[PDB]
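Residue numbers (full-length UniProt numbering), protein chains in the order written: chain A, 1356 to 1498; chain B, 1 to 56, 64 to 1118; chain C, 905 to 960; chain D, 1017 to 1237; chain E, 3 to 57; chain F, 314 to 423; chain G, 622 to 791; chain H, 78 to 91; chain I, 2 to 95. What follows is a short report on a single structure.
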Amino acid sequence: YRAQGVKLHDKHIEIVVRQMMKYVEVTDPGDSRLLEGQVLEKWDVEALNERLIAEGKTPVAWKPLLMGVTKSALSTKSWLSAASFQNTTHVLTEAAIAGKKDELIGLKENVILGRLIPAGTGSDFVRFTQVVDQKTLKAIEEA
Amino acid sequence: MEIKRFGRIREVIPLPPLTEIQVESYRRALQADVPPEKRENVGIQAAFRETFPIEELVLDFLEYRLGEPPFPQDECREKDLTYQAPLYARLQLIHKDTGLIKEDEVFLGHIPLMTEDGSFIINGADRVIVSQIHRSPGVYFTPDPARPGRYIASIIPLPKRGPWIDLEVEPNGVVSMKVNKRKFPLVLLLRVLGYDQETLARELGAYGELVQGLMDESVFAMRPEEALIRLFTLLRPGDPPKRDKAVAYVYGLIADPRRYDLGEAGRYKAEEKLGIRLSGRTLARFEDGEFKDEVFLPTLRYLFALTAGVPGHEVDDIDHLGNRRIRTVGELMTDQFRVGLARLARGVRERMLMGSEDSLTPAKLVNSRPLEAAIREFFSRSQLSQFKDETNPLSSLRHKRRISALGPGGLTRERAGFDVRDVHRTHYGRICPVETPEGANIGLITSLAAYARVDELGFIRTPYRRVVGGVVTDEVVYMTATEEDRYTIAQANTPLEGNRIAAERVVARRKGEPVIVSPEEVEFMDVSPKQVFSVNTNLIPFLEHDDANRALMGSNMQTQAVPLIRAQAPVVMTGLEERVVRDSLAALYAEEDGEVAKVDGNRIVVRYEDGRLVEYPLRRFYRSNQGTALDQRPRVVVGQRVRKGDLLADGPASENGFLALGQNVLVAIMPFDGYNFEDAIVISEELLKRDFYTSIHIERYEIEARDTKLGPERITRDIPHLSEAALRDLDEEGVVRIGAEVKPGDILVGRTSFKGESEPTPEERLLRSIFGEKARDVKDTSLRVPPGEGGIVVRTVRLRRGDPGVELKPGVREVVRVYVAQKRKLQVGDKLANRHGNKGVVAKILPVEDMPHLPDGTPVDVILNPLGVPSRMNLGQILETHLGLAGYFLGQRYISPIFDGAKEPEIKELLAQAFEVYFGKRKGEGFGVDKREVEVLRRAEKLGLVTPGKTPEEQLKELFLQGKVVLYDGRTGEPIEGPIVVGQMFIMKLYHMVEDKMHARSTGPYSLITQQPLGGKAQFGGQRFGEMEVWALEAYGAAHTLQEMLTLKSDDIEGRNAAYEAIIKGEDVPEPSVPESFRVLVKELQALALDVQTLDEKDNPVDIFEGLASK
Amino acid sequence: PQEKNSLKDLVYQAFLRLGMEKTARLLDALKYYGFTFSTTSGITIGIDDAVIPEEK
Amino acid sequence: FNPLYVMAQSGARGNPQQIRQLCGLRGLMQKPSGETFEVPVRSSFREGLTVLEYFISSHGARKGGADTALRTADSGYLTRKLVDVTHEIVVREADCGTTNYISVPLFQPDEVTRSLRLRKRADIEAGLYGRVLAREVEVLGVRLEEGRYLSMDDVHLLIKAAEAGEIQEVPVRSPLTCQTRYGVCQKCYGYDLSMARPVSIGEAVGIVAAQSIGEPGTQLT
Amino acid sequence: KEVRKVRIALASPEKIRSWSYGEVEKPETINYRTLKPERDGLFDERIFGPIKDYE
Amino acid sequence: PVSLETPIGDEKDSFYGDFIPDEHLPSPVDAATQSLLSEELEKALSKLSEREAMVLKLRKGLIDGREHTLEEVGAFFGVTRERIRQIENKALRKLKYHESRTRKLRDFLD
Amino acid sequence: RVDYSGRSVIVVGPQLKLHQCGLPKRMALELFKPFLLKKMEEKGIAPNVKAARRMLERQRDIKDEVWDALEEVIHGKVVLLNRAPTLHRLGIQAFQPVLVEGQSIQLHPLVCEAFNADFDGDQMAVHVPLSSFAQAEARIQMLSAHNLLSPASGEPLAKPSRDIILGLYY
Amino acid sequence: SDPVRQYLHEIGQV
Amino acid sequence: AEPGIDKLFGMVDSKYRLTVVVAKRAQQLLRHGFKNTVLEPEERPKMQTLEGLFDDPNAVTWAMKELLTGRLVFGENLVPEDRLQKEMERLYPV
DNA sequence: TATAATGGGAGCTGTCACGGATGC
DNA sequence: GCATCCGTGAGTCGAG
Ligand SMILES: [Mg+2]
Ligand SMILES: [Zn+2]
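Shown next, in the form of structure tokens:
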């Protein structure tokens, strides 16, 4: 981009790259249920592991996994997203065998459902905010 | 006006008939004028012959003939008929050993006819069959990409006539042949052909080590019979190798001239490449009892001789225009003929068994439907068969010279990479480098060069002049791209005194690459620069001054120019503008020397020398495929003396026989208050005042009345519950009256339908009761004028069931057509362009008094922002503007040919002569330099534009020679601080007008399965808010807006209804519900055996079908 | 002299200091005057304006 | 005050190369094979070209065209991929509380000199602007606290420091290191570059990243 | 109730017959004369629903 | 019959069915109208007494969707059939008056 | 495909404020139709909605008070303009529309860059945000004048280019 | 594949 | 730009919260017919007609104008929804 | 409701680059 | 472990 005279903030590329690094490969299940060679989200294994080691169990050994934007995209937990993006039949068969449930975290899932998205004015953060004029305010303050 | 033409280059020959590629091709394909016994075996005659005789009874083909068209072209276009001629075939059924022959002329249906200008009429609408470029059949050798050492020999036949075959050396050293995706050792086939190890050993032995890689002991043992069956078993498993089957298959694969047809061009390529003689277009032959080889051994010899470097053996370019050929309309149509014919024959053979074996006439044996349908298919649903583009004469003339990579037996675009698209060095004088589509099709669609001809073999040839010694003959040799590579060819512009080469060093090409050469080494020379470019490109003056990328747009856009009621040829022309009006039949001309008898708006009657009185009807206000008006107008007067070839009438968009696409306007190149920002254009209201850029358009509306199961559809003036106001302009039968002005909402043709099964709501019953009126039997279905359309009713046509000469598709009672015309003035949003690629929409129409103007009070017509020039690098428009100025004042027009035209010195001289007129008059009229002209001159000499100390007149002239004038701002009266470029420019009004493109929708038609709004203005449907637009809303974090897009505004039914009712009642829109297309998704997934369930936060199911789909 | 870059920087700085509503106003102002002047300035292209250096 | 010269200098229109083609020579052209012709086009667009020169140029024109035509689809596809990867990522909270961070170098080792040279302005601005400070940083007597979103000025300051050898690299919060689940946190993301202020929680950061990376796509040659 | 999740899984012949409002026994679609949907064919009202509301 | 998936154009972008409207499901406009009509008929049936409004509602099937014989409405109200006929006729007549005066339901002429 | 979406040719609007666009009357009549019906009912322009719609159905039946009412209908409201390709979020922007005669949409010069719009025949699509919520989102979040800096770099997106530079530099 | 081929073969078994 | 947009963004922790507050308030104004407004007669947003100046019909314009005053209170969990809706229907019936 | 009749027929070729599995 | 097969992708909106 620099060579092409395009000003672009590292931030964004970082945002994507982080998603490239979202996954890890299992080296040892230790005392865990997981099995060697199996890929999963770094998040999930960090959590599980803390459960094990904090419960007095042997932790899982994991290895960082770099995978391109396409593969990462198809490997997302949400099946509505994955089946929307590519390889619909593959994604769907592998999903339906497993009986996956989509939690509707992502924009794509909700767009498909016609739901109000989890971003912007749909963010749970600002979503529930109320507005009331002083009059009505004190008015209800009596209780 | 006086016409001065620049340039000393002499055209030894004129341009070939421009539509000859179409006309001559089809002519040769039909051979209608040739007597059946004199016919060559080509085109239709070849097809018939290839199909016949039909063996087992033996049905044989004698001759065929074509009749006359049952209806004339105008009749066809009016009635929605194909223009065609009846095809008959004389066939004789022969019983062998039974002696008897029964002969009859059977009717094979109709074959579409090409019109005078090279087009077709198919179901009433004009069509063009675009020529198709492809890899010429033959035998080519291309280096293996995996191994540098090893090459691949490809054998390619005509498409749809046999499979390609690949020969490779192999890593091991054994030769491999690939056919139908199966590889086997070539030696096996070689054996089948009767080759013996000895026969091979003497033949291929010269090239060491390869032949031994050839030799296989077992195969040599077997002989043809053993080896043929071996091969047959290699080709297909699990099929008994009954020897007759093996012979039948290998024959059908190679030797069969019916199933495997090399090109005649392919044949020639093979012969020329491998230095051999083919007894036919087949790879091998069956003579007497055994297979005989023809192509294989020579191509193997060439392959080997190539692998081990042998002088005289070449790798093939495969984008060289010698190895790529054009399949013209004749070849394509004929191909489909051959197909439908082979099917018809299949049917014959099928009927030679069942039914009466003894009593068969040829009429009994033959069914046309396969043939009729093959031809109808080609002309009607083919890709190369296109709706004719006739926006203006040039549109169609170019449409016909179009060349396409795409189409059946053609590149798919995943196929198409850089190699095919590229401009090959051999496109010189054959295919235009400039004229190609912009965008995805770039390099695929292309246009034929002006002087180029497609020969018998389908190779594109270009003219050159022979040069022997130093002398340039007037004899022209048309060369194929391959032959061309042999000679050193001089550039056309190379200086000559007489026929002698006047330069010590001339610019020439040896195999496309430029080199400086002596007049001794010059073998040929270009005919003209025109030959290098397409017809459209040849209409761009100063082309040598325009960057190619923009020239491209110039060419392409002339095709889009709308014919104007007051049209003019450009003040600067290239000199092709007349011959174009000619070769495309738009203008009407006199056949022989004669005298004009009658002259009318409708017709012209001419009495020739012969004494015979010829009458020419004129096409008046006839609509075209694009809706532009085609009409001719008389250009002569009664009693006028006209010579053979003289102009009797003008086409659409021509002026006295010169092509007139736009108008010549006075233009100033300066920014103007940001109204010409970013390519936008500013226009003088004077333009509308004098009807410049006004164009006539006709739209066609159509409606049918049919037989319902519920009753007849009636076309009547009686429409339920309509006021006289609404029916006013409707005649007695219900059709709008000719001449009536119609606007959106107005009824064009009244029509009633029978109401269906009626479920009157209780509300309907109480209402009906309250008013005492009865619900009518018929609904109002009358055809109304669509939104944003309308005009004057110029025509009606009415066709009813059971009146003379008319038959309508089954069930259709009647059909009415209303032709509505409109006179379109130029307006904001409309699109203008020039021949140099400058294109822009009109952003502001200024009242004359705001228009920048010259000291003598003459206002400019158009204001073009100069910022458009530097980036685009299209300077032609600038020179055109200068010469346009000179012309403006001298009252004259010019012809400045491509690459040989007016150089700037000559333009400067003309400019001076013009200035004398500009300023001189003023001086005589008793006026001196204006106070303001002095200030502008001051700033000018500050800009280094004029020489200081010289007089005001002398300086103003100094600026005029630079094409600049003092310009007065009409608003202030003060001048423009600097001197400004003003001149005459040729500008066209393109086919893209806001009137057509403006559209909006609140609610409307939805779609069957998805319930989402329909698409397109004509369906009156919403705009596509796609994945990317959604992304855009997501990024803004505009949730509720997005949700509206996904629900209330599209396929949420409950939601959109509630929204509409709320907005009608002034209430806020309701919460959106579930989009119907998600339900569609769920069910489509259930149909796929997958169970999709929406869930609670508690994981309990949620029913989005609201109980409707659950027991 | 004011040009592409300078003006960009002006806009950015104004966005930081003054704020967006004002910056909008400034943008419309720059627009208006810029156009107004552009038209009277007498910028144009004649063929002579492509100046071939004697050095060529 | 020449119109070409002015339009170019101002940045209104035009660039040096185009001006060259108009005024000086047109230059060397390339065959379709990619290798350039031995003879350059000597003509300028003012002078006008020779049919041979013109035709020679057409090769490049076309190659360029087809290039653009294909790159367009390549870029489009890319963008859609990116959007598909980043879409769930949103600012979901103000602080993931992580102690981690990334360290933006102001110096890039030069391999030609086998030495160290300061990174280019825009490069550094792209690395630092609108980022929250991961650690406290004191240069040229100015304290930059933790949690401080770096202004463009802040960044320029830091550069000037790096020129005084005060600081070699800057600790900065970043999406790479952010520990928010299913997205990112205000502090780790930094400025909403569009408003030159802290990003508002709820901003769809992923989609913005994809659009940002992909939009120039068709411009990369 | 509000939808918070979407599960997708294989269907058993039992479940498929659960969804089913009838078996399609005939390849027929619409009657040739009347044009009314054929009984026990792809378009039946006895299986899929009435062509007209509440009728 | 013809395929809804018949391709339109040499590009694989559009299908024939894409241009076939849905003539079954009521338009938002139609729906709107059909509800406005109910609200206006109700607004007009308030000017009537509950009995003379209920006679019309009952006999024209505005309720339950069935039309009752004058005899059944008489049985429901306790009046003689001819009585219910005359209070239905006077009801309807008052309705007509209100209409010629107010000009409301007129636009539903269609 | 969405409801209340139109399209037309774009044409430069030097005279409009950064937060405005030129929106052809007819387009506005269609896009806001329902609103215009209700308003037509508030003012006595038609007995009711069902009548109003018929009045708008025939083009010749359209009085001027209709237009005046339409001006009242769109007050304060913004519409979305979109050009394709929509590469970044600035491919859609919100403008308070100014009804104009004529058939083409007027676009502000400063936003052309973000749209990669120009006037060699570019066409844009209009969308009406319906709810108070949608309108709020549009006016606050998507309004052209509220997005002046690129989200990619934070450098100004709305800035002088071309004609403006040519004059100012001069 | 090619069910026709397979079936033809199965037929040729009797 | 919208008037005082910078101040409005100033008022909130997230621009989207501003948007929500404005939208909801506008819904309130529409629902109760503007008679619940916190604006005084001289602050009432106005609109030009052929007749003259009438109340601006646009509830969002109103909402933002009101927000500028500071007469309005916003946040989360201020009052149960029942109490709000009903107290408002008592104070300003529809 | 009966002479005997017994293994098909067309095909379509000028992309390109990847992940992933399969075989040597 | 590397060769090679199959399968899946390859811009948007518009008109038509
Ligand atoms: Mg454009
Ligand atoms: Zn964080």
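For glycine and all other residues, C-beta sits at the position ideal for the given N, C-alpha and C.
Subject >> Cβ of residue 913 of chain C within 8 Å of any chain D Cβ >> reply: Not a single C-beta of chain D is nearer than 8 Å to the C-beta of residue 913 of chain C.
Subject >> Check whether residue 384 of chain B and residue 343 of chain B have beta carbons under 8 Å apart >> reply: For residue 384 of chain B and residue 343 of chain B, yes; Cβs fall inside 8 Å.
Subject >> Length of the line joining the Cα atoms of residue 73 of chain B and residue 747 of chain B >> reply: If you take the alpha carbons of residue 73 of chain B and residue 747 of chain B, they lie about 46 Å apart.
Original post:
Exposed or buried, residue 1107 of chain B, counting other C-beta atoms within 10 Å across all chains shown (16 or more means buried)?
Top reply: Exposed, since its Cβ has fewer than 16 Cβ neighbours within 10 Å.
Subject >> beta strand (DSSP E) segment containing residue 191 of chain B, residue limits >> reply: Residue 191 of chain B -> beta strand (DSSP E) spans 189 to 192.
Subject >> residue 74 of chain I at chain A interface by Cβ criterion, 8 Å >> reply: With 8 Å as the cut-off, residue 74 of chain I counts as an interface residue toward chain A.
Original post:
How about residue 1258 of chain D and residue 1181 of chain D: do their beta carbons lie closer than 8 Å?
Top reply: This structure leaves residue 1258 of chain D out entirely; chain D is present only between 1017 and 1237.
**OP:** Quick one: residues in its chain with C-beta nearer than 7 Å to the C-beta of residue 953 of chain B, no 5 flanking neighbours on either side, listed in chain order?
**Re:** The residues are 944, 947, 962, 965 and 966.
Original post:
Which word fits residue 1115 of chain D, buried or exposed, when buried means at least 16 other C-beta atoms lie within 10 angstroms of its C-beta?
Top reply: So residue 1115 of chain D ends up on the exposed side.
**OP:** For the segment 3 to 28 of chain E, enumerate the residues whose C-beta is nearer than 8 Å to any C-beta of chain A, in chain order.
**Re:** Listed in sequence order: 5, 6, 7, 8, 9, 10, 11 and 12.
Original post:
On the three-state DSSP scale, how would you describe residue 54 of chain E?
Top reply: In the structure shown, residue 54 of chain E sits in coil (DSSP, three-state: anything other than H, G, I, E or B).
Original post:
Does residue 668 of chain G come within less than 8 Å of chain F when only Cβ atoms are used?
Top reply: Yes, its Cβ sits closer than 8 Å to a Cβ of chain F.
Original post:
Cβ of residue 1203 of chain D within 7 Å of any heavy atom in ligand 2?
Top reply: Because some heavy atom of ligand 2 lies under 7 Å away, the Cβ of residue 1203 of chain D counts as near it: yes.
**OP:** Give, in chain order, every residue of the segment 325 to 354 of chain F whose Cβ lies closer than 7 Å to some Cβ of chain B.
**Re:** Closer than 7 Å at the C-beta level to chain B, one finds these residues of the segment 325 to 354 of chain F: 330, 331, 332, 333, 334, 335, 338, 340, 341, 342, 344, 345, 348, 350, 351 and 354.
**OP:** For residue 862 of chain G, collect the residues of the same chain with a Cβ closer than 7 Å to its Cβ; drop the 5 residues on either side in sequence, then sort them by chain order.
**Re:** Nothing can be reported for residue 862 of chain G, as the shown portion of chain G is limited to 622 through 791.
Original post:
Just to check, is the beta-carbon of residue 837 of chain B closer than 7 Å to a non-hydrogen atom of ligand 1?
Top reply: Exclusion of residue 837 of chain B from the 7 Å shell around ligand 1 follows from its C-beta lying no nearer than that to any non-hydrogen atom of the ligand.
Original post:
Just to confirm, does residue 742 of chain G get its C-beta within under 7 Å of one of the non-hydrogen atoms of ligand 1?
Top reply: Residue 742 of chain G Cβ: within cutoff of ligand 1.
Original post:
Can residue 617 of chain B be considered in contact with ligand 4, in the sense that its beta carbon sits closer than 7 Å to one or more heavy atoms?
Top reply: Of the ligands this structure carries, namely ligand 1 and ligand 2, none is ligand 4.
Original post:
If you run the structure through DSSP and keep just helix, strand and coil, what is residue 1343 of chain A?
Top reply: Nothing in the structure corresponds to residue 1343 of chain A, since chain A is present only between 1356 and 1498.
**OP:** Can you pull the chain E residues whose beta carbon is under 8 Å from the beta carbon of residue 1104 of chain B, in chain order?
**Re:** Those within 8 Å of residue 1104 of chain B in chain E are 4, 6 and 7.
Original post:
What residues in the segment 1449 to 1466 of chain A have a beta carbon less than 7 Å from any beta carbon of chain E?
Top reply: Cβ contacts with chain E: 1450, 1451, 1452, 1454, 1455, 1456, 1457, 1458 and 1459.
Original post:
Based on the DSSP secondary-structure assignment, which residues constitute the bridge partners of residue 1201 of chain D?
Top reply: Answer is D/1109, bridged to residue 1201 of chain D.
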